[PDB]
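*Asks:* Experimental coordinates for this protein are included below, preceded by the sequence.
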Amino acid sequence: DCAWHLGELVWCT
Amino acid sequence: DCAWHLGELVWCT
Amino acid sequence: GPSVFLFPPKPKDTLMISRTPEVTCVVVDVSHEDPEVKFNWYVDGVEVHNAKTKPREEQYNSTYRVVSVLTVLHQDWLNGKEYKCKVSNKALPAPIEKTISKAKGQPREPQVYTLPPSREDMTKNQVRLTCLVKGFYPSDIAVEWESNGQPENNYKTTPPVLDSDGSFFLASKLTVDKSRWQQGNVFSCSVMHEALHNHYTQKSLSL
Amino acid sequence: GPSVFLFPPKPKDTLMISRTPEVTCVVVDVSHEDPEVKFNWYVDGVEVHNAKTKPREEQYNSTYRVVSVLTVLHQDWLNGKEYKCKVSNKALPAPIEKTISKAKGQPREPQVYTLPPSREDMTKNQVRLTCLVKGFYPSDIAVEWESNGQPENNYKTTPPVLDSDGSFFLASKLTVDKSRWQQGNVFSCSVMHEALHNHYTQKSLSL
């Protein structure tokens, strides 16, 4: 699963 | 002597 | 459960005598069931009753929020006087106690350096004046920007970063219209730290 | 004498893989007499040569300013890898060495609370939405504000204050036009900390 921020990718676990 | 800041007093030594 | 927040006073407030430094005790997530909150204030152990307590405001899980502010004295806080807030609620297992006080250790005077607009910046529509501060203890500091005895609010300042030795450092950056800089106006970098004579130093910057 | 500054990378940069975290080495007050500056970069001891160095910019006592930026890797910095900058100048008695690295100690997840507009605030022309964060280690954090998948830049956030136990806390405060709040729009509080799953958590706020 991946968390994003306003379009840009944050981090994926 | 007293130092001031934009009108308001800071500190006096 | 209800969480407690004990905020130290603004470093500008504790350093300007024309201002009043105040320690704030916030209480969040307080239920409908048990909404009464009893604040106890202590200074190094000694209780004080001068404190003022504002009424409640609503929250989201249909709960409440309470705040208590205690006027502290300039010379008091700077000594390192320990301040305590005791929050009591019927929904609390025990009274919650938070503690905040000016950090211990040998106080040090900050060094201030100024960085004029870059060669790139000078082509852009707005220029960035920079102020670099280092070697200060404690991290309590107030960097502000002024031009012609009036404030400049269009700036951002990093949080104090811990230095390897043991002091602190930070960078503040004012963005101004280029025409104003080119017009020869002087821009001052106001720094207020405990270990400054009169809690004040100023490096300024002009074309 | 010429002073050296070694800045850690933006916590948002070290936590977003779409971004590149970079350690900056600033050198200030470098004289006309001896203006050449030689940067050496080290990682836990091992030298690296990937670094990029920008040209000089002018200063005030007719001196110069040099900057060297070194790309660090996300997973690298977060491990606590020590980064070193060795600045060498002909006007220097000896080579100057500054050292910066992610703080040691048991990492902790921040708690995020939201404080809707006060009863007073709701009468004023603009309202302040608040986000309170506590119990986090290290102080490296990035609190930002968004509404409808677009950024809200009109906010201010206190520096991380040290907690009595050993963690950190801070408050961020977004000021928005009341009509926008009243119009039922949702406002999110983006928090990015090392000890967050995917380095991200979000509490939001609506009327």
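*Replies:* Perfect, thanks for sending it. Numbering: from 1, shown residues only, chains lettered A, B, ... in the order given.

*Asks:* going forward, measure contacts and count neighbours with C-alpha atoms only.
*Replies:* OK.

*Asks:* which residue sits closest to whichever residue of chain A sits closest to chain B, ignoring its sequence neighbours?
*Replies:* As assessed by Cα to the nearest Cα, chain B sits closest to residue A:6 within chain A, at 39.2 Å. Of all residues not flanking residue A:6 in the chain, residue D:149 sits nearest, at 5.3 Å (Cα to Cα, 6 or more residues apart in numbering or on different chains).

*Asks:* and the one you found, how many neighbours?
*Replies:* 12 (other Cα atoms under 10 Å in any protein chain shown).

*Asks:* Would you mind measuring from it to residue D:177?
*Replies:* Distance, residue D:149 to residue D:177, using Cα to Cα, to the nearest Å: 18 Å.

*Asks:* residues from chain C in reach of chain B?
*Replies:* Contact residues, chain C versus chain B (Cα under 8 Å from any Cα of the partner chain): C:15-18, C:146, C:149-151, C:197-200.

*Asks:* Top of these by number of neighbours, please.
*Replies:* residue C:15 (27 neighbours).

*Asks:* tell me the domain boundaries of chain C?
*Replies:* C:2-101, C:102-207 (curated CATH domains).

*Asks:* Now do the phi/psi pair for the residue nearest to residue A:6.
*Replies:* Main-chain torsions, residue D:149, degrees, to the nearest 10: phi 50, psi 30.

*Asks:* Residue C:11: neighbour count?
*Replies:* Using other Cα under 10 Å, residue C:11 has 17 neighbouring residues.

*Asks:* ok, so what distance separates the closest residue to chain B within chain C from residue C:150?
*Replies:* Using Cα to the nearest Cα, residue C:16 is the residue of chain C that sits closest to chain B, at 4.3 Å. Here residue C:16 is placed at a distance of 17 Å from residue C:150 (Cα to Cα).

*Asks:* Contact partners for residue C:11?
*Replies:* C:140-142, C:193 (Cα atoms under 8 Å, 6 or more residues apart in numbering or on different chains).

*Asks:* ugh, wrong one, I meant residue C:94
*Replies:* Taking Cα under 8 Å, 6+ apart as the test, what residue C:94 contacts is residue C:88.

*Asks:* Next, it: secondary structure please.
*Replies:* Under DSSP: H, G, I helix; E, B strand; the rest coil, residue C:94 falls in the coil class.

*Asks:* do the same with the one 10 residues further on
*Replies:* Look at residue C:104: counting by three-state DSSP, its state is coil.

*Asks:* what about the spatially closest residue to it that is not a sequence neighbour, distance to residue B:10?
*Replies:* Nearest residue to residue C:104, sequence neighbours excluded (Cα to Cα, 6+ apart): residue C:80, at 7.0 Å. To residue B:10, residue C:80 is 20 Å away according to Cα to Cα.

*Asks:* cool, residue C:97 as well?
*Replies:* As judged by Cα to Cα, residue C:97 and residue B:10 stand 33 Å apart.

*Asks:* hmm, back to that, among the contacts of residue C:11, name the ones in strands.
*Replies:* Counting by DSSP state E, the contacts of residue C:11 place C:141-142, C:193 in strands.

*Asks:* among the domains of chain C, which is nearest residue D:122?
*Replies:* Residue D:122 lies closest to domain C:2-101 among those, at 11.3 Å (Cα to Cα).

*Asks:* Would you mind measuring the gap between the ends of that closest one?
*Replies:* Per Cα to Cα, the first residue of domain C:2-101 is 23 Å away from its last.

*Asks:* How about stretch C:134-143?
*Replies:* Stretch C:134-143: ends 12 Å apart by Cα to Cα.

*Asks:* which residues sit against that stretch?
*Replies:* The contact list for stretch C:134-143, computed with Cα under 8 Å, 6+ apart, reads C:11-12, C:102-112, C:157, C:160, C:163, C:167-170, C:172, C:189-195.

*Asks:* what's the spacing between it and its chain's center?
*Replies:* Distance of stretch C:134-143 from its chain centroid, counting by Cα atoms, centre = their mean, to the nearest Å, is 11 Å.

*Asks:* So which bits of chain C are right by chain D?
*Replies:* So chain C meets chain D at C:28, C:57-59, C:98-100, C:113, C:115-116, C:118-119, C:159-160, C:163-164 (Cα under 8 Å from any Cα).

*Asks:* how does it look with 7 Å?
*Replies:* For chain C, the residues in contact with chain D (Cα under 7 Å from any Cα of the partner chain) are C:57, C:59, C:99-100, C:115-116, C:118-119, C:159, C:164.

*Asks:* Quick check on these: which are buried?
*Replies:* Using 16 or more other Cα atoms under 10 Å in any protein chain shown as the burial test, the residues of chain C next to chain D include C:57, C:59, C:99-100, C:115-116, C:118, C:159 as buried.

*Asks:* can you redo these as CSV with distance to chain A?
*Replies:* Output for those, formatted as CSV (distance: Cα to the nearest Cα, whole Å):
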residue, distance to chain A
C:57, 31
C:59, 26
C:99, 35
C:100, 34
C:115, 32
C:116, 33
C:118, 29
C:159, 22
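
*Asks:* burial count for residue C:195?
*Replies:* 17.

*Asks:* That one touches residue C:111, doesn't it?
*Replies:* No - the pair residue C:195 / residue C:111 is not scored as a contact, 10.9 Å apart, by Cα atoms under 7 Å.

*Asks:* how far does stretch C:8-26 stretch from start to finish?
*Replies:* Start-to-end, stretch C:8-26 (Cα to Cα) is 12 Å.

*Asks:* With stretch C:111-131 instead?
*Replies:* This stretch, stretch C:111-131, spans 10 Å end to end (Cα to Cα).

*Asks:* what residues does that stretch touch?
*Replies:* Under the contact criterion Cα atoms under 7 Å, 6 or more residues apart in numbering or on different chains, stretch C:111-131 has outside partners C:132-135, C:171-178, C:189, C:203, C:205, D:57, D:59.

*Asks:* what's near enough to touch residue 10?
*Replies:* Picking chain A for this. By Cα under 7 Å, 6+ apart, the contact list for residue A:10 reads A:3-4, D:15-18.

*Asks:* Wait, chain C was what I had in mind.
*Replies:* When contacts are counted by Cα under 7 Å, 6+ apart, residue C:10 touches residue C:21.

*Asks:* The same query, at a cut-off of 8 Å, please.
*Replies:* Neighbouring residues of residue C:10 by Cα under 8 Å, 6+ apart: C:21-22.
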